[PDB]
Amino acid sequence: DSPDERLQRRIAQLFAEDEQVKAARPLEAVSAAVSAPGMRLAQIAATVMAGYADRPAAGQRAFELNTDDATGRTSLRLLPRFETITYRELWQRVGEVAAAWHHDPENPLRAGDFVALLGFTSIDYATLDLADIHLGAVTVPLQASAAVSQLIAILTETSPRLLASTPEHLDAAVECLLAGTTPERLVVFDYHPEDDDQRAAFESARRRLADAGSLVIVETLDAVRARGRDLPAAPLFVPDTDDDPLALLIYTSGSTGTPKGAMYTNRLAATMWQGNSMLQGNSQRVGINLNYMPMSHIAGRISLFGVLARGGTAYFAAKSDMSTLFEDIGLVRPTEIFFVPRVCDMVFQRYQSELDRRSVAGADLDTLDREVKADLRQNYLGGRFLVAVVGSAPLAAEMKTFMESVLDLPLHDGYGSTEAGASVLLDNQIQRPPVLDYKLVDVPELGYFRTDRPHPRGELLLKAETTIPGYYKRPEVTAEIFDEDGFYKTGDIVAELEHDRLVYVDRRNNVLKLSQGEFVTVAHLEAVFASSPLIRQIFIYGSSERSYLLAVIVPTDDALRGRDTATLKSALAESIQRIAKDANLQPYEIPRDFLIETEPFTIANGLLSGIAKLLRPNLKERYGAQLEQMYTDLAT
Ligand SMILES: Nc1ncnc2c1ncn2[C@@H]1O[C@H](COP(=O)(O)O)[C@@H](O)[C@H]1O
């Protein structure tokens with residue numbers, strides 16, 4: 001069997017033996033209806049919900065409430081299984097919310113009003129999101145990672161009439177409202193009043209707003225639906241054929257703090273359903289997936305909407321910090337996955353741990369490795385993967401090879417952006433559609449030229465059907481992302497192998513010139529060193545005044561075990577050297593010294609984004625002083 005033949009053989013067994021997978025094949029009549037010319041965003045949703053009515057649409061983990069008789073506290077506790085809701089039931093919930101908002105006797109919502117949502121991803125989140133779509137309200141999915149000051153700025157700029165929040169974000173939400181922002185109602189969702197912690201947050205919100213003399217109505221999503229259940233059906237918002245109104249703002253920061261609201265019109269939002277991408281809906285692939293990325297990111301919206309578009313089932317991860325990710329994947333057994341490199345890291349770290357534990361005397365090492373990967377593939381990852389994509393950040397060549405040997409299928413490298421669209425580059429190939437044209441521009445100061453070495457290099461400029469028109473209420477910032485000829489400037493350096501074949505290098509702003517005149521690509525190198533078995537996380541740092549790099553390294557638990565600081569450092573240094581040799585790195589690409597950090601980078605401490613990407617500005621603010629001091633200590 002060839003590698004594709006192995007894959008096709010696994011897939012046929014699945015369609016022969018697995019009733020869940022068979023029952024979830026997309027219906028071509030539904031897909032054709034969705035694809036029809038003239039279909040607007042809400043018409044797509046309604047058509048999908050009607051076409052797949054009796055199928056399971058969405059799942060989340062079952063739960064129980066537990067009272068501790070010592071503390072007297074009642075706490076929600078997750079069970080190791082998922083429960084689903086049908087398309088019919090989801091759309092019914094959506095219709096209840098839309099009715100409640102449209103037919104409110106005093107202050108109803110109208111098309112074009114902004115609605116702000118503070119959460120992760122969940123059935124309730126999907127319900128609010130689709131209800132916005134139903135009424136043509138503009139969704140503003142706020143990043144849970146944002147600081148309150150940033151949230152206030154966003155709300156000030158968008159003037160939402162409604163703010164919805166999960167209990168754990170009620171602290172931030174109340175501060176936003178006490179600051180005199182525009183929302184008229186605060187809707188609490190993902191809410192279980194039987195949990196004492198959640199109930200206390202909800203009561204506190206209610207109390208604090210009342211005490212401040214706020215006229216905000218605080219209410220539960222369940223109560224909104226109860227209202228809507230006794231109101232007439234709401235109209236479905238369908239813009240006229242010549243109009244493409246705003247439907248969604250996706251806030252995105254880049255390097256520098258400064259969140260900007262990427263404008264997603266009705267047509268752009270619809271591509272999340274019916275689009276080109278591997279994981280968007282223009283496909284007959286069975287979509288059973290685990291949604292673990294927030295709805296505040298485009299990859300999280302695609303992972304939901306692209307699956308709904310194909311009549312599949314979207315399961316929502318229980319926690320936003322990936323701490324339940326593999327328990328969830330093992331239960332869901334998805335047919336498809338969008339990896340981010342941090343998840344690949346976790347799979348690699350599981351592999352290393354299991355391989356070490358099982359490499360006992362008398363183990364056959366020429367066999368064990370295969371068995372450890374088979375166990376990962378079949379059990380840890382569910383054993384039903386038909387396809388796998390990695391995106392959002394670079395994955396090192398060796399880690400890609402590793403992941404393919406575990407998955408035993410291709411790991412497609414998908415390059416895209418909030419500004420440009422998800423498709424753009426797939427396995428180094430320009431995707432047409434949506435790309436219309438592209439151009440490489442020289443960046444003399446970074447040493448990238450059309451006349452370069454084996455391949456032309458430079459900044460990628462593109463035109464695509466999926467590019468945003470600009471950022472909301474930011475005329476200046478908008479004008480700088482487009483050149484005189486209308487090309488979107490990606491900020492990304494690429495190498496052009498042939499026409500329509502491009503290799504991603506790094507962000508322009510990550511390209512660092514060392515003092516001796518060599519260029520290093522800092523995020524690319526971070527990815528390379530992910531392949532160290534001793535490294536849990538790594539941040540690479542350099543200064544153009546220096547001839548070498550430094551790093552902040554979070555070691556694995558096993559790396560730490562039974563080692564003092566000095567021996568840990570030498571072990572890390574030895575590993576870095578091996579990894580470097582394997583990846584054929586130049587000596588100037590190798591960190592010469594580093595800080596050991598035993599506290600991992602997380603969303604909670606501001607060092608990771610909501611999709612587990614290193615936040616470089618926050619890492620520089622956190623460690624920059626210590627790192628420049630290390631430079632100084634080494635110089636003296
Ligand atoms: N497959 C990929 N490989 C490397 N970098 C990527 C990939 N996909 C996205 N990125 C990076 O992520 C940026 C988009 O970030 P955002 O719009 O915040 O999701 C791009 O401009 C790239 O720098």
# chains A, B, ... in the order shown; residues from 1 in each chain; ligands from 1
$ select_by_dssp --residues "stretch 536-620 of chain A" --states "strand (DSSP E or B)" --output "number ranges by chain"
A: 536-541, 550-555, 593-596, 608, 614
$ write_last_selection --atoms "N, CA and C atoms" --output "mmCIF file, in the first residue's frame"
data_model
loop_
_atom_site.group_PDB
_atom_site.id
_atom_site.type_symbol
_atom_site.label_atom_id
_atom_site.label_comp_id
_atom_site.auth_asym_id
_atom_site.auth_seq_id
_atom_site.Cartn_x
_atom_site.Cartn_y
_atom_site.Cartn_z
ATOM 1 N N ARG A 536 9.543 22.541 26.578
ATOM 2 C CA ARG A 536 8.085 22.663 26.552
ATOM 3 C C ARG A 536 7.634 23.878 25.727
ATOM 4 N N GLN A 537 8.270 25.017 25.970
ATOM 5 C CA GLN A 537 8.008 26.243 25.216
ATOM 6 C C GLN A 537 9.303 27.011 25.049
ATOM 7 N N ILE A 538 9.392 27.819 24.000
ATOM 8 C CA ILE A 538 10.581 28.649 23.822
ATOM 9 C C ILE A 538 10.286 29.995 23.163
ATOM 10 N N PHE A 539 10.896 31.038 23.718
ATOM 11 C CA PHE A 539 10.828 32.384 23.168
ATOM 12 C C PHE A 539 12.257 32.779 22.793
ATOM 13 N N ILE A 540 12.479 33.148 21.535
ATOM 14 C CA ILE A 540 13.811 33.512 21.073
ATOM 15 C C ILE A 540 13.901 35.029 20.940
ATOM 16 N N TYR A 541 15.003 35.595 21.419
ATOM 17 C CA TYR A 541 15.165 37.034 21.480
ATOM 18 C C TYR A 541 16.533 37.460 20.987
ATOM 19 N N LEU A 550 19.548 35.014 22.125
ATOM 20 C CA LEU A 550 19.255 34.457 23.434
ATOM 21 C C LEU A 550 17.879 33.791 23.395
ATOM 22 N N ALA A 551 17.472 33.175 24.502
ATOM 23 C CA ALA A 551 16.154 32.545 24.549
ATOM 24 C C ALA A 551 15.587 32.536 25.964
ATOM 25 N N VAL A 552 14.272 32.425 26.066
ATOM 26 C CA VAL A 552 13.638 32.033 27.311
ATOM 27 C C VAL A 552 13.038 30.661 27.080
ATOM 28 N N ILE A 553 13.465 29.690 27.873
ATOM 29 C CA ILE A 553 13.028 28.313 27.701
ATOM 30 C C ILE A 553 12.265 27.830 28.916
ATOM 31 N N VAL A 554 11.055 27.336 28.669
ATOM 32 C CA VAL A 554 10.309 26.578 29.654
ATOM 33 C C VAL A 554 10.605 25.090 29.444
ATOM 34 N N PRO A 555 11.268 24.454 30.415
ATOM 35 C CA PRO A 555 11.587 23.036 30.224
ATOM 36 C C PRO A 555 10.379 22.138 30.452
ATOM 37 N N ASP A 593 22.863 31.467 24.912
ATOM 38 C CA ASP A 593 22.543 31.349 26.321
ATOM 39 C C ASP A 593 21.051 31.558 26.448
ATOM 40 N N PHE A 594 20.502 31.319 27.629
ATOM 41 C CA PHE A 594 19.060 31.423 27.813
ATOM 42 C C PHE A 594 18.672 31.484 29.279
ATOM 43 N N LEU A 595 17.479 32.011 29.519
ATOM 44 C CA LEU A 595 16.880 32.018 30.833
ATOM 45 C C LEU A 595 15.992 30.796 30.941
ATOM 46 N N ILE A 596 16.028 30.154 32.104
ATOM 47 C CA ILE A 596 15.128 29.047 32.421
ATOM 48 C C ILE A 596 13.884 29.591 33.103
ATOM 49 N N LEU A 608 0.503 33.960 25.870
ATOM 50 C CA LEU A 608 -0.087 33.260 24.723
ATOM 51 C C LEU A 608 -1.393 33.914 24.270
ATOM 52 N N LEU A 614 2.528 32.564 20.508
ATOM 53 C CA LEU A 614 3.309 33.446 21.395
ATOM 54 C C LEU A 614 2.950 34.903 21.115
#
$ residues_near_ligand --ligand "ligand 1" --cutoff "10 Å" --atoms "only C-alpha atoms and all ligand atoms" --output "ChimeraX atom specification"
/A:250-255,262,297-299,340-341,389-396,412-428,460,489-493,503-510,523-524,527,609-611,613
$ closest_atom_pairs --of "stretch 111-169 of chain A" --to "stretch 51-69 of chain A" --cutoff "12 Å" --atoms "only C-alpha atoms" --output "tab-separated table"
residue	atom	partner	partner_atom	distance
A:121	CA	A:60	CA	10.2
A:122	CA	A:60	CA	7.4
A:123	CA	A:58	CA	6.8
A:124	CA	A:60	CA	10.5
A:125	CA	A:58	CA	11.4
A:126	CA	A:58	CA	9.2
A:127	CA	A:58	CA	10.7
$ residues_around --residues "stretch 18-32 of chain A" --least-positions-apart "2" --cutoff "9 Å" --atoms "only C-alpha atoms" --output "PyMOL selection string"
chain A and resi 13-16+34-36+47-48+51-52+55-56+274+281-288+309-313+335
$ write_last_selection --atoms "N, CA and C atoms" --output "PDB file, in the first residue's frame"
ATOM      1  N   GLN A  13     -12.908   1.495   5.559  1.00  0.00           N
ATOM      2  CA  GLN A  13     -13.314   0.728   6.746  1.00  0.00           C
ATOM      3  C   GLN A  13     -14.259   1.568   7.612  1.00  0.00           C
ATOM      4  N   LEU A  14     -13.915   2.841   7.762  1.00  0.00           N
ATOM      5  CA  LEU A  14     -14.747   3.769   8.505  1.00  0.00           C
ATOM      6  C   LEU A  14     -16.140   3.880   7.901  1.00  0.00           C
ATOM      7  N   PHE A  15     -16.220   4.045   6.587  1.00  0.00           N
ATOM      8  CA  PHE A  15     -17.525   4.189   5.961  1.00  0.00           C
ATOM      9  C   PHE A  15     -18.251   2.858   5.847  1.00  0.00           C
ATOM     10  N   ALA A  16     -17.534   1.764   6.060  1.00  0.00           N
ATOM     11  CA  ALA A  16     -18.169   0.457   6.111  1.00  0.00           C
ATOM     12  C   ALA A  16     -18.723   0.162   7.510  1.00  0.00           C
ATOM     13  N   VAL A  34     -27.021  25.766  -0.846  1.00  0.00           N
ATOM     14  CA  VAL A  34     -26.134  26.712  -0.174  1.00  0.00           C
ATOM     15  C   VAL A  34     -25.273  27.477  -1.171  1.00  0.00           C
ATOM     16  N   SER A  35     -24.874  26.796  -2.244  1.00  0.00           N
ATOM     17  CA  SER A  35     -23.959  27.362  -3.235  1.00  0.00           C
ATOM     18  C   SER A  35     -24.646  28.291  -4.215  1.00  0.00           C
ATOM     19  N   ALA A  36     -25.970  28.193  -4.298  1.00  0.00           N
ATOM     20  CA  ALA A  36     -26.751  28.937  -5.282  1.00  0.00           C
ATOM     21  C   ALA A  36     -26.334  30.403  -5.360  1.00  0.00           C
ATOM     22  N   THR A  47     -31.006  27.639   5.409  1.00  0.00           N
ATOM     23  CA  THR A  47     -31.050  26.523   4.470  1.00  0.00           C
ATOM     24  C   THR A  47     -30.360  25.296   5.054  1.00  0.00           C
ATOM     25  N   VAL A  48     -29.214  25.519   5.690  1.00  0.00           N
ATOM     26  CA  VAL A  48     -28.500  24.463   6.382  1.00  0.00           C
ATOM     27  C   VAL A  48     -29.332  23.868   7.512  1.00  0.00           C
ATOM     28  N   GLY A  51     -32.170  21.876   6.051  1.00  0.00           N
ATOM     29  CA  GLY A  51     -31.728  20.706   5.322  1.00  0.00           C
ATOM     30  C   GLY A  51     -31.251  19.556   6.187  1.00  0.00           C
ATOM     31  N   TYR A  52     -30.670  19.874   7.339  1.00  0.00           N
ATOM     32  CA  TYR A  52     -30.096  18.856   8.209  1.00  0.00           C
ATOM     33  C   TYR A  52     -30.826  18.743   9.537  1.00  0.00           C
ATOM     34  N   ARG A  55     -30.410  15.876  12.185  1.00  0.00           N
ATOM     35  CA  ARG A  55     -29.053  15.460  12.533  1.00  0.00           C
ATOM     36  C   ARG A  55     -28.509  16.156  13.779  1.00  0.00           C
ATOM     37  N   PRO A  56     -27.598  15.488  14.507  1.00  0.00           N
ATOM     38  CA  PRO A  56     -26.870  16.185  15.577  1.00  0.00           C
ATOM     39  C   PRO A  56     -26.017  17.308  15.003  1.00  0.00           C
ATOM     40  N   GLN A 274     -19.447  28.669   2.956  1.00  0.00           N
ATOM     41  CA  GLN A 274     -19.507  28.073   1.621  1.00  0.00           C
ATOM     42  C   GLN A 274     -18.183  28.187   0.864  1.00  0.00           C
ATOM     43  N   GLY A 281     -16.978  24.987   3.826  1.00  0.00           N
ATOM     44  CA  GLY A 281     -18.039  24.057   3.469  1.00  0.00           C
ATOM     45  C   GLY A 281     -18.164  23.546   2.043  1.00  0.00           C
ATOM     46  N   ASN A 282     -17.290  23.971   1.139  1.00  0.00           N
ATOM     47  CA  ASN A 282     -17.412  23.530  -0.253  1.00  0.00           C
ATOM     48  C   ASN A 282     -16.747  22.186  -0.476  1.00  0.00           C
ATOM     49  N   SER A 283     -17.373  21.149   0.069  1.00  0.00           N
ATOM     50  CA  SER A 283     -16.754  19.844   0.170  1.00  0.00           C
ATOM     51  C   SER A 283     -17.780  18.787   0.555  1.00  0.00           C
ATOM     52  N   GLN A 284     -17.516  17.542   0.175  1.00  0.00           N
ATOM     53  CA  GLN A 284     -18.372  16.428   0.546  1.00  0.00           C
ATOM     54  C   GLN A 284     -17.728  15.625   1.661  1.00  0.00           C
ATOM     55  N   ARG A 285     -16.740  16.214   2.330  1.00  0.00           N
ATOM     56  CA  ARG A 285     -16.054  15.475   3.382  1.00  0.00           C
ATOM     57  C   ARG A 285     -16.903  15.480   4.652  1.00  0.00           C
ATOM     58  N   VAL A 286     -17.022  14.316   5.282  1.00  0.00           N
ATOM     59  CA  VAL A 286     -17.705  14.198   6.565  1.00  0.00           C
ATOM     60  C   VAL A 286     -16.992  15.031   7.622  1.00  0.00           C
ATOM     61  N   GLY A 287     -17.735  15.914   8.289  1.00  0.00           N
ATOM     62  CA  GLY A 287     -17.168  16.844   9.252  1.00  0.00           C
ATOM     63  C   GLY A 287     -17.648  16.553  10.670  1.00  0.00           C
ATOM     64  N   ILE A 288     -16.881  15.759  11.404  1.00  0.00           N
ATOM     65  CA  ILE A 288     -17.079  15.628  12.844  1.00  0.00           C
ATOM     66  C   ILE A 288     -15.861  16.245  13.481  1.00  0.00           C
ATOM     67  N   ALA A 309     -22.092  23.752   7.639  1.00  0.00           N
ATOM     68  CA  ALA A 309     -22.372  23.834   6.202  1.00  0.00           C
ATOM     69  C   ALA A 309     -22.440  22.467   5.539  1.00  0.00           C
ATOM     70  N   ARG A 310     -21.718  21.491   6.094  1.00  0.00           N
ATOM     71  CA  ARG A 310     -21.658  20.137   5.539  1.00  0.00           C
ATOM     72  C   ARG A 310     -22.520  19.135   6.310  1.00  0.00           C
ATOM     73  N   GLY A 311     -23.396  19.654   7.156  1.00  0.00           N
ATOM     74  CA  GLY A 311     -24.260  18.798   7.944  1.00  0.00           C
ATOM     75  C   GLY A 311     -23.550  17.890   8.917  1.00  0.00           C
ATOM     76  N   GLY A 312     -22.381  18.314   9.382  1.00  0.00           N
ATOM     77  CA  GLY A 312     -21.611  17.523  10.315  1.00  0.00           C
ATOM     78  C   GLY A 312     -21.959  17.852  11.760  1.00  0.00           C
ATOM     79  N   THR A 313     -21.070  17.508  12.674  1.00  0.00           N
ATOM     80  CA  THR A 313     -21.337  17.766  14.089  1.00  0.00           C
ATOM     81  C   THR A 313     -20.142  18.466  14.711  1.00  0.00           C
ATOM     82  N   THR A 335     -13.151  13.568  12.611  1.00  0.00           N
ATOM     83  CA  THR A 335     -12.736  13.145  11.275  1.00  0.00           C
ATOM     84  C   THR A 335     -11.770  14.143  10.658  1.00  0.00           C
TER      85      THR A 335
END
$ select_by_dssp --residues "stretch 101-316 of chain A" --states "alpha helix (DSSP H)" --output "PyMOL selection string"
chain A and resi 101-102+123-135+148-158+170-178+196-211+221-229+266-274+298-308
$ residues_around --residues "residue A:223" --least-positions-apart "2" --cutoff "12 Å" --atoms "only C-alpha atoms" --output "NGL selection string"
:A and (93 or 96-97 or 100 or 186-189 or 191 or 217-221 or 225-230)
$ closest_atom_pairs --of "stretch 257-342 of chain A" --to "stretch 470-476 of chain A" --cutoff "8 Å" --atoms "only C-alpha atoms" --output "tab-separated table"
residue	atom	partner	partner_atom	distance
A:260	CA	A:471	CA	6.1
A:261	CA	A:471	CA	5.1
A:262	CA	A:471	CA	4.7
A:263	CA	A:471	CA	5.7
$ residues_around --residues "stretch 161-164 of chain A" --least-positions-apart "3" --cutoff "12 Å" --atoms "only C-alpha atoms" --output "PyMOL selection string"
chain A and resi 101+107-120+124-125+127-129+132+137-142+151-152+154-156+158+167-170+172-174+176-177+181-191+216-221+224
$ residues_around --residues "residue A:6" --least-positions-apart "6" --cutoff "12 Å" --atoms "only C-alpha atoms" --output "number ranges by chain"
A: 12-13, 386, 407-410
$ write_last_selection --atoms "C-alpha atoms" --output "PDB file, in the first residue's frame"
ATOM      1  CA  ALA A  12     -13.271   2.830   3.555  1.00  0.00           C
ATOM      2  CA  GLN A  13     -13.314   0.728   6.746  1.00  0.00           C
ATOM      3  CA  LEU A 386      -9.535  11.742   7.382  1.00  0.00           C
ATOM      4  CA  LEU A 407      -1.213  10.697  11.854  1.00  0.00           C
ATOM      5  CA  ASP A 408      -0.129   8.575   8.896  1.00  0.00           C
ATOM      6  CA  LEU A 409      -1.633  11.131   6.502  1.00  0.00           C
ATOM      7  CA  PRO A 410      -0.465  14.453   5.051  1.00  0.00           C
TER       8      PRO A 410
END
$ closest_residue --among "A:33, A:634, A:249, A:329" --to "residue A:143" --atoms "only C-alpha atoms"
A:249
$ atom_distance --atom1 "atom CA of residue A:532" --atom2 "atom CA of residue A:579"
6.2 Å
$ closest_residue --among "A:165, A:469, A:433, A:153" --to "residue A:265" --atoms "only C-alpha atoms"
A:469
$ atom_distance --atom1 "atom CA of residue A:305" --atom2 "atom CA of residue A:488"
25.6 Å
